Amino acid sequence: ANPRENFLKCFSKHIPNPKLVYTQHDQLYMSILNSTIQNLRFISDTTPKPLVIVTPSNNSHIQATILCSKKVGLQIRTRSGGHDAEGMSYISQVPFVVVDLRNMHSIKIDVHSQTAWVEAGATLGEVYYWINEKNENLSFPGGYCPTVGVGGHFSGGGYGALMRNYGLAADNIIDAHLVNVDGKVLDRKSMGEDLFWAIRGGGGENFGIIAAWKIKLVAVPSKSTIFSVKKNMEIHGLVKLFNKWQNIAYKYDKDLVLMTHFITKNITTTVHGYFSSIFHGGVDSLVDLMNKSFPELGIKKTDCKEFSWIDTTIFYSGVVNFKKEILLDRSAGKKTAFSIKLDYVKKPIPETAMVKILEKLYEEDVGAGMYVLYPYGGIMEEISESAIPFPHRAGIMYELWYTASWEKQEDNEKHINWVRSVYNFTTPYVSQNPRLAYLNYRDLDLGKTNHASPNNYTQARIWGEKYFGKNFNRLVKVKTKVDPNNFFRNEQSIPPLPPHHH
């Protein structure tokens, strides 16, 4: 009796006769494993590999895997788009199998009722595309990156351009299909409201394997206006603009998103701020708005085109500059090694301190580090904190991402340490009790939950409280109820409650 072969037998038993199981012996193993590992940082020979990969195409397949891993004693890591910031969807410390959902990417739109059934392995890109094909004036609220998978994205909250208008993708989910620790398939009805609440932004990896979402589509203007302007002046003049942006961006009506980037340019060199818009409306209203609200930014008509939504979608994603069918292409953009961390901001950062933050970009190579800033007003002020597990709503001015991408496996420690040091540095200026963070940018630095350690609950709280709010209690309530033996677990997952505290 050994687990790989015992698994495979059990699986065959539950399901006789495409390929659904891969082992190291299969020619395709490696390139499947590899295909969707998004962060090159976790591609080494040292990196643990699973005993089996399964690629289900049917709820029945998922039930079997869950059942068989339960029996033989393997751990599951589900991979949907593979974008985990920490590789947590494809690495484990213990013998494990990855459940790659790439074969379950069906997307079924009901144009009239304005809903859609999207399977767990589809990618934003696809969702965007196929919605737009059915109707140019429709879409869905979600991240910017087309290759993000909907399993990780939605169950983690997930948001982007439409955030200020409609909220997080998790805010717009009507139903789902989920398989639990007992291998049952559950709709919302049968799931019950606690579990339906939980999977919407509490991390699906804590409760089960989601198989499908039901999605409610949102209205989207047939023309939006985009400018995106370069600003490489002297460092102080730059922050003078930043400070202004900081106090107003979140204040616009719902129809303006104004975001900002920072990086270094000129290879051997100066800090550059880019300021970008999605404006639901025309060129002139927009210039007028800008000319009124933010003169010093000095945008002009010459500065901005008006695009269709899907074009805007494209403009604002990881692909150079063409045609809209890239949205469909699993292997677009370039994969890099990356480290990212994100802060939320409630109170304007002091101009002095900000130069210092910007000053730090000089300490890595040109283009390596980058700060992304997105504003936080509009609808987020009216959505309750416990509406869903994701609790970051009212009184946030904007969010700050600090990110580094590189190529080379040696330069790892160097680069992740930079990201940390900027994080450490900004600590006085960002949110505070507690320092809020975002489940979809997992940060093991916030604390780890170990395989080889007894499960202290008050330990998990430290980070549980950062990712979620007051929401954390209800979350551990749901865990304890639906997966009391903590079968669905990872290096930073919600623990159940031990039974003497039941």
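Start at 1 with the first residue shown and count on from there.
Counting the unmodelled positions of the deposited sequence between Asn17 and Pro18 gives a gap of 4 to 9 residues.
According to the record, the deposited sequence contains 4 to 9 residues between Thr268 and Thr269 that were left without coordinates. Of the two segments examined, 341-349 and 234-242, it is 234-242 that shows the higher average Cα temperature factor in the deposited entry. The mean C-alpha temperature factor is higher for 441-449 when 48-56 and 441-449 are set side by side. Highest C-alpha temperature factor among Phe472, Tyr29, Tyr457, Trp463 per the entry: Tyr457. The residue among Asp303, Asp182, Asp171, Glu133 whose C-alpha atom has the highest B-factor in the PDB entry is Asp303.
Per the PDB record, residue ranking by Cα B-factor puts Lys479 in the lowest third of the chain.
Remark: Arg79 belongs to the lowest third of its chain, ranked by C-alpha B-factor as recorded.
When all modelled residues of the chain are sorted by CA temperature factor, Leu436 is found within the lowest third. Sorting the modelled residues of the chain by their CA temperature factor places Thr147 in the lowest third. Remark: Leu358 belongs to the highest third of its chain, ranked by C-alpha B-factor as recorded.
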